[PDB]
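Since the structure comes first, as structure tokens, the remarks are kept for the end.
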Amino acid sequence: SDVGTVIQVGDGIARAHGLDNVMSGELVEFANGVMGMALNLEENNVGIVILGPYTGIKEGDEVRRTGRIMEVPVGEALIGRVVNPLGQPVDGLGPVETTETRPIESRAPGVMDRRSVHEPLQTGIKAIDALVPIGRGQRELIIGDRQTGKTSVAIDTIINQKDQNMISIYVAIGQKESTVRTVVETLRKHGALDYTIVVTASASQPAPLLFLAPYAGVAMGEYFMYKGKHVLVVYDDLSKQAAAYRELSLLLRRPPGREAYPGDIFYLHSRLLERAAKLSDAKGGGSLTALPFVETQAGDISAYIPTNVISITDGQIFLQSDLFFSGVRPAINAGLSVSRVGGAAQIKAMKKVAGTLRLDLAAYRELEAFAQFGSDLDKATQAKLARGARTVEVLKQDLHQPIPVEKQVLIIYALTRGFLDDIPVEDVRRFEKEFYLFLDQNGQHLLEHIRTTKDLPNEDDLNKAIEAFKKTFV
Amino acid sequence: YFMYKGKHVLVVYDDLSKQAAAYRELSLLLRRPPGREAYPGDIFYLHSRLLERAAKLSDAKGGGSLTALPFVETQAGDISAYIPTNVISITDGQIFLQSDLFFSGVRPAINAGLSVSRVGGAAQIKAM
Amino acid sequence: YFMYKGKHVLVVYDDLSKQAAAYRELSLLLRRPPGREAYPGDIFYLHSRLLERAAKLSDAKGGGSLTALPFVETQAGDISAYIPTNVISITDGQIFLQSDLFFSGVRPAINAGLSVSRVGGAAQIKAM
Amino acid sequence: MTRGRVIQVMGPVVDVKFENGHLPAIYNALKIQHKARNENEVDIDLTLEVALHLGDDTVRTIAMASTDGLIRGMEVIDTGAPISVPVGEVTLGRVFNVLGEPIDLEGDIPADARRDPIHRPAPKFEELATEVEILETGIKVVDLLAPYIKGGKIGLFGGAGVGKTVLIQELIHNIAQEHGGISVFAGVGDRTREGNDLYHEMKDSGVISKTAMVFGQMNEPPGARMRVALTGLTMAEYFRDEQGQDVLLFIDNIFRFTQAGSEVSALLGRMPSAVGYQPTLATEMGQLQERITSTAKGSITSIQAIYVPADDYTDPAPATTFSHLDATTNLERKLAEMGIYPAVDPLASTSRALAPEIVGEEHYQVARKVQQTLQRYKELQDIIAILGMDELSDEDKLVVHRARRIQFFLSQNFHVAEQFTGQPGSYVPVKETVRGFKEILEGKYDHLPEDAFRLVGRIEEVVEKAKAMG
Amino acid sequence: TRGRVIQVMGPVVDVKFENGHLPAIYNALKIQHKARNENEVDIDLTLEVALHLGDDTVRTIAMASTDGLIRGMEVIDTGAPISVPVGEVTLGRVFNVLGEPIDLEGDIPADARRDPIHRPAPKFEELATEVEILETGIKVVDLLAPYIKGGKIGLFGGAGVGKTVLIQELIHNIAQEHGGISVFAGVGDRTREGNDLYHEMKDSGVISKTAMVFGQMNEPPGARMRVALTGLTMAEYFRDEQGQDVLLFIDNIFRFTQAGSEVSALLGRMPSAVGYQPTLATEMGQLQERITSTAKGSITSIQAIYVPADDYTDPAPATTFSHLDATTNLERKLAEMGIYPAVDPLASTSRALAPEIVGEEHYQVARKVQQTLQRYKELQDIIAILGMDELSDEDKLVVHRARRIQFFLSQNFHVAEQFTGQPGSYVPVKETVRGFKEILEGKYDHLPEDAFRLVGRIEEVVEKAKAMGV
Amino acid sequence: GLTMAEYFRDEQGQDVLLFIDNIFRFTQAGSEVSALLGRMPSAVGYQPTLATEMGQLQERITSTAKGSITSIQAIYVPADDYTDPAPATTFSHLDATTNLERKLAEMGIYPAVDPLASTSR
Amino acid sequence: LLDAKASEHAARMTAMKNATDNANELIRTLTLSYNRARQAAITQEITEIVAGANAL
Ligand SMILES: Nc1ncnc2c1ncn2[C@@H]1O[C@H](COP(=O)(O)OP(=O)(O)OP(=O)(O)O)[C@@H](O)[C@H]1O
Ligand SMILES: Nc1ncnc2c1ncn2[C@@H]1O[C@H](COP(=O)(O)OP(=O)(O)OP(=O)(O)O)[C@@H](O)[C@H]1O
Ligand SMILES: Nc1ncnc2c1ncn2[C@@H]1O[C@H](COP(=O)(O)OP(=O)(O)O)[C@@H](O)[C@H]1O
Ligand SMILES: [Mg+2]
Ligand SMILES: [Mg+2]
Ligand SMILES: [Mg+2]
């Protein structure tokens with residue numbers, strides 16, 4: 001029948017007698033009220049991983065089956081609330097009523113159903129949008145040491161997504177409750193929680209909930225992908241998902257593989273990330289772009305989980321600990337950060353100034369290793385000094401305030417065409433702040449032009465309009 | 001016993017690592033779940049039961065002492081291994097001897113860089 | 001059969017390292033516990049039970065012979081690995097063939113310092 | 001024939017109990033198709049491969065599709081044969097999964113189509129042939145300096161961003177365009193996005209009906225990833241057996257075939273070995289790579305891309321694959337940072353079919369002088385870096401001038417680069433490859449600047465480009 | 001309904017409770033027995049429950065040595081977790097893990113309320129995020145890595161660098177600054193240091209508003225593991241009822257992680273990484289997450305960590321690093337240089353060094369100090385091996401001030417009274433930040449570098465030189 | 001072999017010379033037959049009772065007052081790694097030890113004796 | 001003397017640059033051997049864990 005009795009309790013694992021008509025993956029609810037996924041239907045003893053606190057359960061407590069596969073309730077109600085992976089709220093705003101439920105484990109869209117990617121996802125980070133383009137349906141990996149500003153880049157990406165209908169998601173994996181609260185209050189302050197959901201399972205929660213948190217995160221995004229609105233999914237850290245799965249596997253007695261991870265780790269991560277791709281015009285042209293984050297000890301990217309994940313994703317963005325502690329913010333390394341789908345989604349206006357900027361950073365980064373002498377060669381070497389110095393000044397950004405696209409294009413054009421070359425190096429930043437407001441007042445025709453054409457402003461009056469700002473700057 | 005009478009005492013164990021190995025072989029033959037290397041998980045407790053009897057009793061108890069000098073032989077300049085890290089966590093200091101110092105003429109070879117005494121300064125005579 | 005009858009013989013085994021790999025694969029399909037590099041300890045007895053049937057019988061037995069030339073494959077020249085040294089203990093010499101000279105145009109080359117014969121002088125003709 | 005029931009599910013692995021004693025063989029196939037009796041159940045369609053026997057009539061299987069929603073006590077039927085792929089002309093120009101069903105919505109194959117077992121005992125020692133024929137691909141570097149041969153397994157190795165799928169498309173198209181060589185593609189463990197990109201790059205190149213395709217991707221359970229590689233083989237075996245003609249077989253990544261085997265072995269429950277691989281690494285690898293052959297009727301020459309797991313060639317999987325391969329081409333990132341494409345290093349690339357007789361003592365002698373020239377350049381630029389160019393005499397100076405011409409002329413212009421850069425493309429037969437390089441090796445053409453050679457088909461194309469440029 | 005012991009295997013024991021009466025996990029058990037015959041030994045022992053087993057049996061861990069345990073002894077079930085007495089009564093006392101007082105001052109009555117060690121953590125609704133800079137009175141910590149209330153703080157070092165000397169100077173300065181409760185836990189602490197610290201705090205009279213928990217190294221591993229949670233349950237009563245900032249100090253948590261690894265191996269689980277148990281992040285998170293700033297007040301904590309071999313990628317430090325809000329690194333080279341507490345200016349980091357939290361001037365001052373010391377760190381080898389006169393006069397200025405800065409981060413200390421006898425003192429934040437503004441301005445550059453060691457104000461530096469007569 | 005040398009040094013009282021050709025193969029043969037006997041591996045697959053049984057044999061080979069034995073032994077290090085258990089347990093028992101190292105032998109220096117690591121009472 | 005001192009600073013600059021190149025190459029080879037040795041030790045440890053897990 002439906003009922004069965006628990007007859008062992010490990011460190012979050014359990015085993016149960018009865019449950020004869022159970023099926024693999026079925027959600028099971030214990031008498032206490034916590035629920036568990038029936039991983040293994042062995043000959044007489046069902047393995048029953050417990051999600052939540054397990055201390056209350058004793059041998060002989062009743063365990064019963066819901067009747068359903070592992071699923072998260074979804075709907076339009078969730079947007080603006082904070083829920084745990086199983087889909088219950090933690091914010092305190094009351095119950096949430098959702099009328100639809102989606103299985104967390106599903107077949108992805110097949111190779112007939114997908115498409116090529118061609119419409120860009122404007123972050124408002126200057127260096128990402130200029131040099132490492134992303135587009136709806138791309139899978140893109142942000143990688144680097146701890147305390148490198150990665151979550152700042154995520155929150156900058158989830159704000160500045162207002163007019164674009166990017167229903168977004170943030171998944172908190174193992175995170176500190178104080179930082180989850182701090183981020184939720186930062187979203188609430190910037191008026192950005194109308195269009196986003198937040199999912200949390202924290203370190204006090206046992207490891208199976210951390211392991212399930214990314215799958216339920218993508219399962220929320222699939223409602224929007226089916227219907228046709230764009231989506232973005234962000235994971236706070238995938239490496240902690242790998243550690244939660246390792247703990248879960250070893251308590252189940254499976255033997256380790258290379259470097260003491262199980263080998264099933266590549267199937268886990270490749271299953272999770274390769275559901276993020278753009279659907280065809282026949283099926284609604286939706287999307288589900290994703291931003292995995294992963295951390296590297298000492299900054300060595302050649303370790304097991306990094307190279308495993310870098311194989312699945314379509315690019316990498318590398319955040320330098322060395323630059324970030326030197327204070328260059330946000331810190332992105334031009335040599336080691338690149339994307340495969342990029343170069344197509346990027347807008348035509350940006351493409352002209354992006355290629356020149358890419359060569360400028362590539363050439364300055366090596367030449368800076370020799371730069372400190374001041375007098376070395378004639379101006380030919382120095383021009384690369386002068387351009388690289390102004391380039392690195394322009395690519396820094398203030399903390400947590402995201403930039404608008406048509407002014408982003410216009411500042412990169414101003415940089416890459418050489419109008420800044422006379423302007424003294426010490427005051428290069430102040431030029432951007434004054435320019436953004438002035439260009440709105442006096443330059444609106446250029447903003448309309450870019451919004452009209454996807455193309456650089458009509459070049460004839462472009463110099464004159466920029467010159468009036470250059471004079472207005474003092 | 002001599003410390004309870006009140007006379008100072010000194011105990012030297014010529015190699016603790018061979019004691020640990022005798023425990024390993026004894027436990028493995030008894031079919032006890034093993035751990036790192038194969039040392040049974042009890043090892044740190046077994047050595048702490050040995051090394052925390054050493055004391056300096058108060059004047060109410062007689063003023064005695066029981067200083068102890070355990071020795072551990074490390075394999076090839078190995079460090080961060082299970083027995084050395086256990087014992088290095090228990091003892092209030094450690095002296096590290098270097099083979100490449102010995103064959104260079106310093107005797108007894110003692111590396112001042114990696115050897116520490118938490119009690120040091122207090123024990124010395126004021127002139128020293 | 002030929003050596004006991006009285007004639008000479010020569011055997012080449014085209015690779016013994018695949019024999020060791022096949023024994024590892026069979027041993028772990030059985031439930032036998034691994035050792036160095038997962039090879040069981042039985043790998044020395046297997047090769048030794050293979051190679052010392054090669055002989056030079058005496059007149060009382062019939063004077064036959066059975067020289068055997070086994071081959072082993074090194075991975076990146078690692079002659080210090082387990083199976084190379086395992087077999088090098090059993091055989092009466094070694095020839096080490098060098099890639100570095102071979103792909104520098106020296107087809108073929110022998111590394112003099114790694115290759116030795118323990119039956120030298122006795123085997124050669126007197127002029128040599 | 002007979003009907004069983006499931007009695008364990010432990011992830012992909014399922015155990016089955018056959019009451020009659022009419023047990024199935026190893027590598028046989030079993031099917032579950034079920035529709036819900038009550039509102040609590042789930043509807044399912046499943047193929048199982050048998051992998052061990054375990055006593056008391058129980059059998060251990062590995063599933064080719066996910067096991068979610070399997071009950072205990074759900075029934076199975078016995079097909080009576082290995083997983084059977086369709087073979088004939090009815091599988092040309094179309095894309096299938098591991099089971100042989102079409103991924104494309106274009107249509108499906110009728111019940112009259114004959115089917116071959118995937119698992120079949122290998123060809124005998126009498127049936128092989130020793131005669132070696134060069135496969136003439138038309139790629140200048142590969143044909144000059146590491147000639148591929150019929151029946152030969154060939155390996156591509158290189159860095160993460162070099163050209164591998166670009167070259168696999170470039171070879172496919174060249175063979176189909178001119179040689180007309182009917183050829184099969186298997187994808188193991190590559191991104192589903194590129195699966196659809198390759199489909200549209202085929203359609204854009206016009207090479208579509210001639211080839212056939214099977215996919216098993218990273219979403220598949222490990223058993224399906226393992227057996228898709230053998231489906232591609234079974235289609236090429238039909239082409240060189242019954243239609244009796246030359247074939248080419250592509251596998252996109254062989255390492256994930258080994259890795260999927262390690263994951264299955266762990267689920268099966270057999271002890272790890274070495275760096276955690278399964279026990280049976282060499283035999284499972286070998287049984288695939290031993291069927292690729294040049295028997296008395298026709299060959300199945302194969303190009304395979306290999307990823308070294310951790311840059312460690314000494315690791316068990318690359319070493320075991322590396323023992324079967326006959327010709328190896330190495331693709332290099334430090335070349336691809338320049339305009340040189342495909343970024344092939346001749347110094348690393350090797351072939352056991354560069355036998356002086358087989359290529360021809362004229363092709364042999366020209367090829368050796370090219371390799372000697374590039375190896376000397378490799379050391380000579382270190383001497384220039386430490387001492388200087390002005391520290392070297394005239395002949396050495398001419399060798400560096402020639403080596404710059406060789407490296408740029410080895411680059412070529414091709415159809416896949418029409419999407420990337422829009423240049424039209426070129427084709428070169430092997431006799432033209434050797435002729436042109438012979439004339440460059442004499443050096444009378446050294447008046448054209450190094451800039452002229454950057455991407456070209458024939459020395460006459462260099463002549464057209466140079467004069468026009470100025 | 002009392003259990004019976006059925007196996008003994010060192011610390012681990014097994015108890016067969018009559019079914020229907022089984023304890024929960026993390027429940028507590030008592031053995032009290034008096035010997036019937038001469039041969040037997042009297043025992044008073046408590047066990048905790050750690051997992052359930054196949055039928056009736058429960059697997060348990062022992063908090064005192066199991067010597068003398070018969071098979072078939074009666075075990076009493078408490079029906080609850082290990083219960084720690086909580087109140088104001090604990091101020092001044094020293095306790096074992098089970099809540100009995102180790103010191104001979106007296107015995108806590110049975111009538112008082114006791115709170116369980118194990119309780120669910122603070123919820124998402126209840127948590128808050130206030131920010132205030134915690135004035136510790138320690139010149140490095142206040143200048144270069146400002147501490148904050150509500151948060152976990154970390155001290156990382158090797159062996160013998162000053163971790164305990166510094167933790168004593170914290171306890172003393174906080175007892176002067178506020179009558180805020182402190183709780184000190186010596187988790188796996190050497191019985192020698194326990195005597196040193198108990199008598200130092202009794203003799204300076206700092207113990208009137210503090211409590212202490214000890215578990216020595218000679219305790220079983222389970223008793224080493226549960227001592228940190230006793231300290232937590234005490235600090236939690238003072239926050240929830242008194243509603244005021246109550247510091248929790250833990251002497252070294254490295255021993256706590258290792259006690260968990262040994263308990264897992266005794267329970268028969270399988271190791272991972274460098275042998276640490278499977279559940280490393282879970283247990284440590286369970287501890288660390290209770291340290292918080294909910295609406296009633298705070299439980300800010302300062303913890304120290306041993307880093308085994310100066311490589312920080314070992315699991316216990318690496319797992320700890322994410323939870324900690326601000327971390328200062330202690331390096332032995334500075335301690336042997338005789339400048340204390342040995343904390344590295346370049347390697348110390350905090351969240352609180354931003355103008356919105358700490359202050360505008362404090363941000364500009366701290367970044368000028370770190371840039372000065374970083375420029376000194378890259379100039380010493382040129383100073384060593386070229387002539388020191390070759391350094392440019394601007395770099396010579398950076399050298400001279402970096403010498404003074406490096407010394408004036410040293411401070412005279414109350415805890416030095418035992419080791420060297422000098423008085424020491426306490427410095428408010430304003431005087432640290434202003435004094436460094438005086439250092440960086442340079443008018444005081446005439447005073448000699450030797451004066452700057454072991455001082456609390458720039459006026460003290462003038463006095464010490466005055467004794468030298470400068 | 002040892003029982004013979006024992007009788008001659010006791011009963012006859014002559015000084016005795018004992019040679020054992022390779023004593024490592026005694027411990028290795030124990031490693032083979034121990035796992036089948038049914039006892040868990042140790043630090044690299046060796047039996048549990050490594051040091052007790054090897055010490056039991058080596059402690060018999062002693063020069064009592066009755067008559068001296070000198071005994072010259074060789075030990076094959078399982079690879080060029082001395083940190084292996086079987087070399088490690090037997091380095092204690094020997095009064096004078098000669099270390100032969102491959103790197104010197106390849107230079108052509110014979111006998112290849114390690115000057116720095118040779119120790120004798 | 002001016003050309004001598006200038007050419008000395010050139011000769012030291014090039015000698016120190018080449019010496020840095022030799023130091024870098026050696027560090028690379030040593031890092032490769034250190035990685036191989038550590039990975040070999042970790043794979044042995046994992047093999048012992050498996051041998052314990054089946055033996056019990
Ligand atoms: N443009 C910027 N200007 C000033 N500060 C910055 C800027 N970008 C990032 N930061 C700082 O970088 C720090 C990095 O912390 P973040 O919030 O990203 O946590 P993290 O780097 O992910 O580390 P962890 O994952 O361990 O919490 C943040 O304090 C943030 O204030
Ligand atoms: N012949 C070529 N002409 C122009 N560009 C090329 C050529 N070959 C390679 N490239 C460049 O290098 C990239 C290689 O892309 P490709 O599809 O081969 O990736 P890949 O190495 O197969 O990826 P993976 O290894 O993950 O399968 C191209 O996108 C292009 O930018
Ligand atoms: N201010 C100081 N003056 C003199 N000696 C000191 C001072 N600070 C530390 N020391 C010496 O350095 C030692 C540091 O050891 P400590 O950090 O207390 O060890 P542990 O952390 O293991 O208890 C002290 O015991 C003392 O000998
Ligand atoms: Mg973060
Ligand atoms: Mg590809
Ligand atoms: Mg301490």
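By order in the structure tokens, chains are A, B, ...; within a chain, residues start at 1; ligands start at 1, following the order shown.
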Open item on the list: What residues of the protein or nucleic acid chains come within 12 Å of ligand 5 when you use only C-alpha atoms and all ligand atoms? Reply as an MDAnalysis selection string.
Closed with: (chainID A and resid 311:314 340) or (chainID D and resid 159:169 187:198 251:253 305 307)
Open item on the list: Run DSSP on the backbone and tell me which residues of region 142-219 of chain D come out as strand (DSSP E or B); list them as a PyMOL selection string.
Closed with: chain D and resi 149+153-158+183-188+212-216
Env of region 7-18 of chain E: 7 Å cut, atoms = only C-alpha atoms, seq-sep filter 4 positions within chain, self excluded. Answer as an mmCIF file with N, CA and C atoms, in the first residue's frame.
data_model
loop_
_atom_site.group_PDB
_atom_site.id
_atom_site.type_symbol
_atom_site.label_atom_id
_atom_site.label_comp_id
_atom_site.auth_asym_id
_atom_site.auth_seq_id
_atom_site.Cartn_x
_atom_site.Cartn_y
_atom_site.Cartn_z
ATOM 1 N N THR E 1 12.062 0.957 31.232
ATOM 2 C CA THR E 1 12.640 1.244 29.927
ATOM 3 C C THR E 1 14.059 1.823 30.020
ATOM 4 N N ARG E 2 15.010 0.960 30.369
ATOM 5 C CA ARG E 2 16.434 1.271 30.340
ATOM 6 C C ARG E 2 17.164 0.337 29.380
ATOM 7 N N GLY E 3 18.149 0.873 28.649
ATOM 8 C CA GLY E 3 18.891 0.074 27.690
ATOM 9 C C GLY E 3 19.962 -0.814 28.312
ATOM 10 N N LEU E 22 13.025 3.943 21.657
ATOM 11 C CA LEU E 22 14.311 4.366 21.126
ATOM 12 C C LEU E 22 14.505 5.876 21.224
ATOM 13 N N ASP E 56 16.348 -2.635 16.894
ATOM 14 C CA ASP E 56 16.457 -2.203 18.283
ATOM 15 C C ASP E 56 17.759 -1.479 18.608
ATOM 16 N N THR E 57 18.870 -1.996 18.092
ATOM 17 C CA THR E 57 20.190 -1.462 18.399
ATOM 18 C C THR E 57 20.356 -0.005 17.980
ATOM 19 N N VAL E 58 21.131 0.725 18.784
ATOM 20 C CA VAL E 58 21.511 2.107 18.536
ATOM 21 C C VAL E 58 23.022 2.206 18.686
ATOM 22 N N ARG E 59 23.673 2.994 17.837
ATOM 23 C CA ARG E 59 25.123 3.167 17.898
ATOM 24 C C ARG E 59 25.495 4.518 18.499
ATOM 25 N N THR E 60 26.349 4.507 19.533
ATOM 26 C CA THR E 60 26.547 5.636 20.443
ATOM 27 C C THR E 60 28.032 5.959 20.604
ATOM 28 N N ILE E 61 28.324 7.158 21.102
ATOM 29 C CA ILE E 61 29.702 7.586 21.331
ATOM 30 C C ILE E 61 29.846 8.001 22.791
ATOM 31 N N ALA E 62 31.022 7.758 23.364
ATOM 32 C CA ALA E 62 31.218 7.917 24.798
ATOM 33 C C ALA E 62 32.046 9.145 25.154
ATOM 34 N N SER E 65 36.120 7.693 29.208
ATOM 35 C CA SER E 65 36.744 6.449 28.780
ATOM 36 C C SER E 65 35.934 5.235 29.224
ATOM 37 N N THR E 66 35.827 4.256 28.319
ATOM 38 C CA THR E 66 35.006 3.049 28.431
ATOM 39 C C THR E 66 35.676 1.907 29.195
ATOM 40 N N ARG E 71 29.567 -6.028 29.592
ATOM 41 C CA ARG E 71 28.481 -6.208 28.639
ATOM 42 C C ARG E 71 27.209 -6.602 29.382
ATOM 43 N N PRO E 220 37.986 11.901 25.105
ATOM 44 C CA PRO E 220 37.528 11.230 23.891
ATOM 45 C C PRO E 220 37.210 12.216 22.783
ATOM 46 N N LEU E 266 35.437 6.174 13.384
ATOM 47 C CA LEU E 266 34.906 5.234 14.375
ATOM 48 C C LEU E 266 33.504 4.749 14.029
#
As a PDB file with N, CA, C and O atoms, in the first residue's frame, please: the residues near residue 10 (chain F) (cut-off 12 Å, only C-alpha atoms, same-chain neighbours under 3 positions excluded).
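The resulting file, out-v3.pdb, is shown below:
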ATOM      1  N   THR F   3      69.078 -21.823  10.460  1.00  0.00           N
ATOM      2  CA  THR F   3      69.217 -22.892  11.461  1.00  0.00           C
ATOM      3  C   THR F   3      70.572 -23.615  11.398  1.00  0.00           C
ATOM      4  O   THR F   3      71.172 -23.925  12.443  1.00  0.00           O
ATOM      5  N   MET F   4      71.125 -23.774  10.197  1.00  0.00           N
ATOM      6  CA  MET F   4      72.480 -24.296  10.016  1.00  0.00           C
ATOM      7  C   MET F   4      73.527 -23.386  10.637  1.00  0.00           C
ATOM      8  O   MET F   4      74.387 -23.836  11.420  1.00  0.00           O
ATOM      9  N   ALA F   5      73.477 -22.099  10.301  1.00  0.00           N
ATOM     10  CA  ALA F   5      74.494 -21.199  10.857  1.00  0.00           C
ATOM     11  C   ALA F   5      74.431 -21.162  12.389  1.00  0.00           C
ATOM     12  O   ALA F   5      75.474 -21.114  13.068  1.00  0.00           O
ATOM     13  N   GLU F   6      73.215 -21.207  12.939  1.00  0.00           N
ATOM     14  CA  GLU F   6      72.993 -21.278  14.384  1.00  0.00           C
ATOM     15  C   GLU F   6      73.658 -22.493  15.033  1.00  0.00           C
ATOM     16  O   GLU F   6      74.360 -22.353  16.047  1.00  0.00           O
ATOM     17  N   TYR F   7      73.483 -23.691  14.459  1.00  0.00           N
ATOM     18  CA  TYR F   7      74.159 -24.850  15.051  1.00  0.00           C
ATOM     19  C   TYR F   7      75.670 -24.687  15.048  1.00  0.00           C
ATOM     20  O   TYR F   7      76.325 -25.004  16.045  1.00  0.00           O
ATOM     21  N   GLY F  13      81.262 -23.412  17.910  1.00  0.00           N
ATOM     22  CA  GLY F  13      81.897 -22.245  18.490  1.00  0.00           C
ATOM     23  C   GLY F  13      82.816 -21.487  17.565  1.00  0.00           C
ATOM     24  O   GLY F  13      83.434 -20.508  17.995  1.00  0.00           O
ATOM     25  N   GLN F  14      82.918 -21.905  16.319  1.00  0.00           N
ATOM     26  CA  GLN F  14      83.668 -21.170  15.317  1.00  0.00           C
ATOM     27  C   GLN F  14      82.922 -19.873  15.038  1.00  0.00           C
ATOM     28  O   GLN F  14      81.700 -19.806  15.161  1.00  0.00           O
ATOM     29  N   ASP F  15      83.658 -18.831  14.670  1.00  0.00           N
ATOM     30  CA  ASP F  15      82.987 -17.765  13.943  1.00  0.00           C
ATOM     31  C   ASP F  15      82.343 -18.285  12.666  1.00  0.00           C
ATOM     32  O   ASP F  15      82.893 -19.142  11.973  1.00  0.00           O
ATOM     33  N   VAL F  16      81.154 -17.761  12.371  1.00  0.00           N
ATOM     34  CA  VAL F  16      80.353 -18.176  11.228  1.00  0.00           C
ATOM     35  C   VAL F  16      80.072 -16.974  10.337  1.00  0.00           C
ATOM     36  O   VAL F  16      79.885 -15.858  10.834  1.00  0.00           O
ATOM     37  N   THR F  62      72.127 -13.128  15.531  1.00  0.00           N
ATOM     38  CA  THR F  62      72.828 -12.377  16.574  1.00  0.00           C
ATOM     39  C   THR F  62      74.111 -13.089  16.992  1.00  0.00           C
ATOM     40  O   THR F  62      74.155 -14.320  17.091  1.00  0.00           O
ATOM     41  N   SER F  63      75.152 -12.286  17.242  1.00  0.00           N
ATOM     42  CA  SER F  63      76.433 -12.707  17.821  1.00  0.00           C
ATOM     43  C   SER F  63      76.406 -12.741  19.343  1.00  0.00           C
ATOM     44  O   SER F  63      76.813 -11.791  20.008  1.00  0.00           O
ATOM     45  N   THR F  64      75.971 -13.864  19.902  1.00  0.00           N
ATOM     46  CA  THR F  64      76.062 -14.047  21.341  1.00  0.00           C
ATOM     47  C   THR F  64      77.528 -14.203  21.765  1.00  0.00           C
ATOM     48  O   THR F  64      78.444 -14.263  20.943  1.00  0.00           O
ATOM     49  N   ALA F  65      77.732 -14.242  23.085  1.00  0.00           N
ATOM     50  CA  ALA F  65      79.043 -14.581  23.637  1.00  0.00           C
ATOM     51  C   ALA F  65      79.552 -15.936  23.152  1.00  0.00           C
ATOM     52  O   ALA F  65      80.765 -16.143  23.071  1.00  0.00           O
ATOM     53  N   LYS F  66      78.652 -16.879  22.851  1.00  0.00           N
ATOM     54  CA  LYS F  66      79.095 -18.239  22.554  1.00  0.00           C
ATOM     55  C   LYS F  66      79.941 -18.279  21.284  1.00  0.00           C
ATOM     56  O   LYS F  66      80.946 -18.996  21.225  1.00  0.00           O
ATOM     57  N   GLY F  67      79.599 -17.462  20.291  1.00  0.00           N
ATOM     58  CA  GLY F  67      80.339 -17.412  19.043  1.00  0.00           C
ATOM     59  C   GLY F  67      79.720 -16.465  18.038  1.00  0.00           C
ATOM     60  O   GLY F  67      78.523 -16.551  17.760  1.00  0.00           O
ATOM     61  N   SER F  68      80.540 -15.626  17.408  1.00  0.00           N
ATOM     62  CA  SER F  68      80.014 -14.562  16.569  1.00  0.00           C
ATOM     63  C   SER F  68      79.531 -15.052  15.209  1.00  0.00           C
ATOM     64  O   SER F  68      80.109 -15.956  14.604  1.00  0.00           O
ATOM     65  N   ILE F  69      78.474 -14.400  14.726  1.00  0.00           N
ATOM     66  CA  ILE F  69      78.028 -14.413  13.333  1.00  0.00           C
ATOM     67  C   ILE F  69      78.295 -13.042  12.740  1.00  0.00           C
ATOM     68  O   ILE F  69      77.965 -12.027  13.361  1.00  0.00           O
TER      69      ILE F  69
END
Task: Contact set, chain D to chain A: 8 Å, only C-alpha atoms, as a PyMOL selection string - done: chain D and resi 7-11+40+67-72+103-105+191-193+195-197+218-219+262-263+266+272+275-277
